[PDB]
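Engineer: I have a structure I would like to understand better, so I am pasting it below and will then ask my questions one at a time.
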Amino acid sequence: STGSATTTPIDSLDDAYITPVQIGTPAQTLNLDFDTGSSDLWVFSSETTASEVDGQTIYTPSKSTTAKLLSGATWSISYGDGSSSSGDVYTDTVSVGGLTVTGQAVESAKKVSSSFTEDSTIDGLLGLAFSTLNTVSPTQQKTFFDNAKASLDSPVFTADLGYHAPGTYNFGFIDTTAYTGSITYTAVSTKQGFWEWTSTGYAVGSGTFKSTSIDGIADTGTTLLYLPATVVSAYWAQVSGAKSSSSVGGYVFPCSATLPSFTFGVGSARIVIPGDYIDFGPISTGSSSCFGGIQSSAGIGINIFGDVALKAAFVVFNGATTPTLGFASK
Ligand SMILES: O[C@@H]1CNC[C@@H]1Oc1ccccc1
Ligand SMILES: O[C@@H]1CNC[C@@H]1Oc1ccccc1
């Protein structure tokens, strides 16, 4: 089998991407944030505290003839930005772009943090990291990809995110029309449960390429590119007036600037992030200070190749027995 679904930016900045997902019988369609950095499929629901729902579409298990309570199971998650959610668990039929999994754990939120309530465009998350990170207790549950894998034509999914435009998530096949050149594959460590890999270096603008190993994760659920402070300083030093602001929480730059590109290495290959992809706009409405799309990872504990980087490539998440990542230009 295969599946193919369109993913759409939630706003004019590409802050996140939403993909429609069918849950239950008859189908209830929710717009989920596909997150290769976590491993829980959770949704706003009829069980969510009413004061914490503000515009989201909810899953109602009592209206699904295929929903079954997973008795005794609970879940609770906190993300890298401090957002969180928790609740109980049902199994139900879940379909993405024509690909159907029966018996998928659908984690129903009883509580969500204010950051989720305040974003009416995201109805929940669909995790695509390794199932060892799933938070369901006392019986850990499998991701949608892990459940689907054996049925897929090939044990892979691909992320093709657009810049200010829709893109695609495919399951079970490589669309050879969706990229240019060849795909370069690189090794993955699953030791922390992430799609963790080692970039071979970077360049700023037209500058020379610096060969240096940068360990990090391919994370579709993170907006920005988070890298070591040395690398990030070298980038922003090429933008007149750019500075790190403690009050704002990162590097800012004059909105009048033209930003240089940023290149990262994948083996001997190179992915070029255009400068425009690094512009996240005024820090507040009407400000002439703009927020940068490359930020320091120093406070996180891991480097994160988030959407800023991934949207510059066609990315293969190869879930074969020895997992690998592939990157191509597009
Ligand atoms: O802050 C934004 C609005 N609600 C939270 C959202 O960011 C996240 C998206 C996915 C995972 C964690 C956080
Ligand atoms: O819904 C609102 C529109 N822009 C802000 C908020 O959502 C998000 C902000 C940051 C990351 C993910 C989502």
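Following the order of the structure tokens, chains are lettered A, B, ..., residues in each are numbered from 1, and ligands are numbered from 1.
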What's the 9 Å shell around residue 112 in chain A, counting only C-alpha atoms, without same-chain residues fewer than 5 positions away, as a ChimeraX atom specification?
Structural biologist: /A:44,48-49,52-53,83-87,117
Engineer: Around ligand 1, out to 10 Å and counting only C-alpha atoms and all ligand atoms, which residues are there? I want them as a ChimeraX atom specification.
Structural biologist: /A:15-17,32-35,37-38,77-85,112-127,220-223
Engineer: Selected residues, C-alpha atoms, written as a PDB file, in the first residue's frame, please.
Structural biologist:
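Result file follows (again.pdb):
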```
ATOM      1  CA  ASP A  15       5.184  28.508  11.512  1.00  0.00           C
ATOM      2  CA  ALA A  16       3.929  24.905  11.142  1.00  0.00           C
ATOM      3  CA  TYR A  17       2.212  22.660   8.594  1.00  0.00           C
ATOM      4  CA  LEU A  32      -2.751  17.392  12.480  1.00  0.00           C
ATOM      5  CA  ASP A  33       0.843  18.612  12.772  1.00  0.00           C
ATOM      6  CA  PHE A  34       3.068  15.759  11.529  1.00  0.00           C
ATOM      7  CA  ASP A  35       6.062  15.737  13.886  1.00  0.00           C
ATOM      8  CA  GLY A  37      10.516  14.715  16.533  1.00  0.00           C
ATOM      9  CA  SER A  38       7.860  13.006  18.696  1.00  0.00           C
ATOM     10  CA  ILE A  77       3.910  14.880  26.969  1.00  0.00           C
ATOM     11  CA  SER A  78       6.039  18.043  27.116  1.00  0.00           C
ATOM     12  CA  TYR A  79       7.697  19.492  24.027  1.00  0.00           C
ATOM     13  CA  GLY A  80      10.947  21.399  23.507  1.00  0.00           C
ATOM     14  CA  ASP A  81       9.181  24.789  23.696  1.00  0.00           C
ATOM     15  CA  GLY A  82       7.466  24.034  27.016  1.00  0.00           C
ATOM     16  CA  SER A  83       4.051  23.185  25.529  1.00  0.00           C
ATOM     17  CA  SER A  84       2.248  20.124  26.918  1.00  0.00           C
ATOM     18  CA  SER A  85      -0.878  17.946  26.831  1.00  0.00           C
ATOM     19  CA  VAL A 112      -3.652  21.069  26.800  1.00  0.00           C
ATOM     20  CA  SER A 113      -1.340  23.985  27.566  1.00  0.00           C
ATOM     21  CA  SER A 114      -2.418  27.509  26.663  1.00  0.00           C
ATOM     22  CA  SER A 115      -0.108  27.581  23.624  1.00  0.00           C
ATOM     23  CA  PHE A 116      -2.194  24.804  22.042  1.00  0.00           C
ATOM     24  CA  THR A 117      -5.525  26.413  22.988  1.00  0.00           C
ATOM     25  CA  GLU A 118      -4.398  29.705  21.453  1.00  0.00           C
ATOM     26  CA  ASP A 119      -3.669  28.125  18.040  1.00  0.00           C
ATOM     27  CA  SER A 120      -6.992  27.281  16.398  1.00  0.00           C
ATOM     28  CA  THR A 121      -5.319  25.842  13.265  1.00  0.00           C
ATOM     29  CA  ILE A 122      -3.787  22.695  14.837  1.00  0.00           C
ATOM     30  CA  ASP A 123      -6.210  19.964  15.979  1.00  0.00           C
ATOM     31  CA  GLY A 124      -3.432  17.720  17.349  1.00  0.00           C
ATOM     32  CA  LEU A 125      -0.136  16.035  16.492  1.00  0.00           C
ATOM     33  CA  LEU A 126       0.833  12.884  14.565  1.00  0.00           C
ATOM     34  CA  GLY A 127       4.241  11.710  15.761  1.00  0.00           C
ATOM     35  CA  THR A 220       9.301  18.549  11.004  1.00  0.00           C
ATOM     36  CA  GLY A 221       7.553  19.704  14.207  1.00  0.00           C
ATOM     37  CA  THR A 222      10.093  22.465  14.943  1.00  0.00           C
ATOM     38  CA  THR A 223       9.808  25.708  12.958  1.00  0.00           C
TER      39      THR A 223
END
```
Engineer: Report as a list in words all protein, DNA and RNA residues lying within 10 Å of range 174-181 of chain A, evaluated on only C-alpha atoms, omitting residues in the same chain fewer than 4 positions from it.
Structural biologist: residues 154, 156, 157, 158, 160, 168, 170, 313, 314, 315, 316, 327, 328, 329 and 330 of chain A
Engineer: Given the choices A:159, A:129, A:136, A:21, which gets closest to residue 72 in chain A if the distance is worked out from only C-alpha atoms?
Structural biologist: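 Residue with the minimum atom-to-atom distance to residue 72 in chain A: A:136.
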Engineer: Just the residues within 10 Å of range 242-247 of chain A, please, counting only C-alpha atoms, with nothing from its chain fewer than 4 positions along; format it as a list in words.
Structural biologist: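 With the cut-off at 10 Å, the set is residues 233, 235, 236, 237, 238, 251, 252, 253, 254, 255, 257, 289, 290, 291, 292, 295 and 296 of chain A.
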Engineer: So which bits of range 122-243 of chain A end up strand (DSSP E) when you DSSP the backbone, as a PyMOL selection string?
Structural biologist: chain A and resi 124-127+156-160+167-171+184-187+196-204+210-218+225-227+243
Engineer: Please dump the current selection as a short mmCIF file (atom, residue, chain, number, x, y, z; two decimals), in the first residue's frame; keep N, CA, C and O atoms.
Structural biologist:
```cif
data_model
loop_
_atom_site.label_atom_id
_atom_site.label_comp_id
_atom_site.auth_asym_id
_atom_site.auth_seq_id
_atom_site.Cartn_x
_atom_site.Cartn_y
_atom_site.Cartn_z
N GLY A 124 -4.20 18.74 16.67
CA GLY A 124 -3.43 17.72 17.35
C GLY A 124 -2.15 17.44 16.59
O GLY A 124 -1.80 18.16 15.64
N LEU A 125 -1.43 16.42 17.06
CA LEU A 125 -0.14 16.04 16.49
C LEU A 125 -0.18 14.59 16.04
O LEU A 125 -0.87 13.75 16.64
N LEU A 126 0.60 14.26 15.00
CA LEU A 126 0.83 12.88 14.57
C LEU A 126 2.34 12.65 14.59
O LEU A 126 3.08 13.19 13.75
N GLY A 127 2.81 11.91 15.58
CA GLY A 127 4.24 11.71 15.76
C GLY A 127 4.81 10.68 14.80
O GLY A 127 4.19 9.64 14.52
N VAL A 156 9.14 3.37 4.11
CA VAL A 156 9.65 4.73 4.04
C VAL A 156 8.48 5.70 4.09
O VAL A 156 7.34 5.38 3.74
N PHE A 157 8.78 6.92 4.52
CA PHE A 157 7.92 8.07 4.25
C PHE A 157 8.81 9.25 3.85
O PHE A 157 10.01 9.27 4.12
N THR A 158 8.22 10.24 3.15
CA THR A 158 8.97 11.38 2.66
C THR A 158 8.26 12.67 3.05
O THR A 158 7.02 12.73 3.08
N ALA A 159 9.06 13.69 3.34
CA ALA A 159 8.58 15.03 3.65
C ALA A 159 9.07 15.99 2.58
O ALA A 159 10.28 16.12 2.35
N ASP A 160 8.13 16.68 1.94
CA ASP A 160 8.41 17.66 0.90
C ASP A 160 7.66 18.94 1.27
O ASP A 160 6.56 19.19 0.79
N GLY A 167 2.86 21.47 0.40
CA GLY A 167 3.78 20.40 0.07
C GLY A 167 3.12 19.05 0.27
O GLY A 167 1.88 18.96 0.27
N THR A 168 3.92 17.99 0.44
CA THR A 168 3.41 16.63 0.44
C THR A 168 4.12 15.75 1.45
O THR A 168 5.35 15.80 1.56
N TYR A 169 3.35 14.88 2.12
CA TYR A 169 3.86 13.72 2.84
C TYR A 169 3.43 12.47 2.08
O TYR A 169 2.23 12.26 1.88
N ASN A 170 4.39 11.66 1.65
CA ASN A 170 4.09 10.37 1.05
C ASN A 170 4.54 9.22 1.96
O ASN A 170 5.56 9.31 2.65
N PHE A 171 3.78 8.13 1.93
CA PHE A 171 4.08 6.91 2.68
C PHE A 171 4.20 5.73 1.72
O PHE A 171 3.30 5.48 0.91
N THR A 184 21.02 11.77 -1.49
CA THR A 184 22.17 11.34 -0.71
C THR A 184 21.68 10.82 0.64
O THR A 184 21.04 11.57 1.39
N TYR A 185 22.00 9.57 0.94
CA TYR A 185 21.60 8.95 2.19
C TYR A 185 22.72 9.01 3.23
O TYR A 185 23.92 8.96 2.90
N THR A 186 22.32 9.13 4.49
CA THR A 186 23.24 9.31 5.61
C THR A 186 22.74 8.50 6.80
O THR A 186 21.54 8.26 6.95
N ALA A 187 23.67 8.08 7.65
CA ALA A 187 23.33 7.19 8.76
C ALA A 187 22.50 7.87 9.84
O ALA A 187 22.62 9.07 10.10
N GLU A 196 18.17 11.03 14.15
CA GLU A 196 19.39 11.74 14.50
C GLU A 196 20.50 11.37 13.53
O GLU A 196 20.73 10.18 13.27
N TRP A 197 21.18 12.38 13.00
CA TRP A 197 22.17 12.20 11.94
C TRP A 197 23.28 13.22 12.15
O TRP A 197 23.20 14.06 13.06
N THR A 198 24.32 13.15 11.32
CA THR A 198 25.49 14.04 11.44
C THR A 198 25.72 14.77 10.12
O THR A 198 26.12 14.16 9.12
N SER A 199 25.49 16.07 10.11
CA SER A 199 25.82 16.88 8.95
C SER A 199 27.33 17.05 8.85
O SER A 199 28.04 17.06 9.86
N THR A 200 27.82 17.19 7.62
CA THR A 200 29.26 17.28 7.38
C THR A 200 29.81 18.71 7.35
O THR A 200 31.02 18.88 7.18
N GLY A 201 28.97 19.74 7.51
CA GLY A 201 29.47 21.09 7.65
C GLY A 201 28.49 22.11 7.11
O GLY A 201 27.31 21.83 6.89
N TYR A 202 29.02 23.33 6.93
CA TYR A 202 28.16 24.43 6.52
C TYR A 202 28.93 25.51 5.76
O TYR A 202 30.15 25.60 5.82
N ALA A 203 28.17 26.35 5.06
CA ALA A 203 28.69 27.58 4.49
C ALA A 203 27.66 28.69 4.70
O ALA A 203 26.46 28.43 4.78
N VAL A 204 28.16 29.93 4.75
CA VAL A 204 27.32 31.13 4.87
C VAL A 204 27.41 31.89 3.55
O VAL A 204 28.51 32.31 3.14
N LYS A 210 32.87 24.99 5.46
CA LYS A 210 33.59 24.54 6.64
C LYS A 210 33.21 23.09 6.92
O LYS A 210 32.05 22.78 7.24
N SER A 211 34.20 22.20 6.82
CA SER A 211 33.99 20.79 7.13
C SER A 211 34.04 20.60 8.64
O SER A 211 35.09 20.82 9.27
N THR A 212 32.92 20.18 9.22
CA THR A 212 32.79 19.99 10.66
C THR A 212 31.54 19.14 10.91
O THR A 212 30.52 19.33 10.24
N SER A 213 31.64 18.19 11.83
CA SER A 213 30.52 17.30 12.13
C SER A 213 29.52 17.98 13.05
O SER A 213 29.88 18.48 14.12
N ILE A 214 28.25 18.01 12.63
CA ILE A 214 27.16 18.62 13.40
C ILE A 214 26.07 17.56 13.59
O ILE A 214 25.28 17.28 12.67
N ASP A 215 26.00 16.99 14.80
CA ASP A 215 24.97 16.00 15.13
C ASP A 215 23.66 16.72 15.42
O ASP A 215 23.63 17.67 16.19
N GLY A 216 22.57 16.26 14.80
CA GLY A 216 21.28 16.86 15.09
C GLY A 216 20.14 15.98 14.62
O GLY A 216 20.35 14.87 14.14
N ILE A 217 18.90 16.47 14.77
CA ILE A 217 17.71 15.68 14.46
C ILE A 217 16.92 16.33 13.33
O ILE A 217 16.87 17.56 13.23
N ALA A 218 16.33 15.51 12.47
CA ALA A 218 15.41 15.98 11.44
C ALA A 218 14.02 16.04 12.05
O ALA A 218 13.44 15.00 12.37
N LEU A 225 15.75 26.45 12.50
CA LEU A 225 17.02 25.71 12.45
C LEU A 225 17.85 26.12 13.66
O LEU A 225 18.25 27.29 13.77
N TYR A 226 18.11 25.17 14.58
CA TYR A 226 18.85 25.40 15.81
C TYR A 226 20.20 24.70 15.72
O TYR A 226 20.26 23.46 15.63
N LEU A 227 21.30 25.48 15.77
CA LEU A 227 22.65 24.98 15.55
C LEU A 227 23.62 25.52 16.61
O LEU A 227 23.25 26.41 17.37
N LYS A 243 21.81 41.03 15.81
CA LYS A 243 22.29 40.86 17.17
C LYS A 243 21.43 39.84 17.89
O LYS A 243 20.27 39.61 17.53
#
```
Engineer: I need the residue nearest residue 193 in chain A from this list: A:68, A:8, A:305, A:135. Use only C-alpha atoms for the distance.
Structural biologist: A:135
Engineer: Determine which residues of range 24-109 of chain A receive a DSSP assignment of helix (DSSP H, G or I), computed from the backbone, and state them as a list in words.
Structural biologist: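 Restricting range 24-109 of chain A to helix (DSSP H, G or I) produces residues 50, 51, 52, 61, 62 and 63 of chain A.
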Engineer: Export N, CA, C and O atoms of the chosen residues as a compact mmCIF listing (two decimals), in the first residue's frame?
Structural biologist:
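What landed in again.txt:
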```txt
# COMPACT_ATOMS: atom_id res chain seq x y z
N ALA A 50 -13.35 22.18 28.49
CA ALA A 50 -14.03 23.05 27.53
C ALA A 50 -13.34 24.40 27.40
O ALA A 50 -13.24 24.95 26.29
N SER A 51 -12.85 24.95 28.51
CA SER A 51 -12.20 26.25 28.50
C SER A 51 -10.87 26.24 27.76
O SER A 51 -10.32 27.31 27.49
N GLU A 52 -10.35 25.06 27.41
CA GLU A 52 -9.08 24.92 26.71
C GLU A 52 -9.25 24.62 25.22
O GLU A 52 -8.25 24.40 24.52
N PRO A 61 -14.98 10.22 20.31
CA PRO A 61 -14.97 8.76 20.14
C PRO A 61 -16.34 8.11 20.24
O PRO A 61 -16.57 7.08 19.59
N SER A 62 -17.27 8.69 21.01
CA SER A 62 -18.59 8.09 21.15
C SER A 62 -19.37 8.08 19.84
O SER A 62 -20.37 7.35 19.74
N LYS A 63 -18.96 8.87 18.86
CA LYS A 63 -19.61 8.90 17.56
C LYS A 63 -18.94 7.99 16.54
O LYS A 63 -19.37 7.96 15.38
```
Engineer: Which residue out of A:13, A:294, A:320, A:188 has the minimum interatomic distance to ligand 2 when only C-alpha atoms and all ligand atoms are used?
Structural biologist: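 For ligand 2, the nearest of the candidates is A:13.
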Engineer: Nearest to residue 60 in chain A: which of A:73, A:109, A:102, A:277 is it, counting only C-alpha atoms?
Structural biologist: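 Of all the options, A:109 lies closest to residue 60 in chain A.
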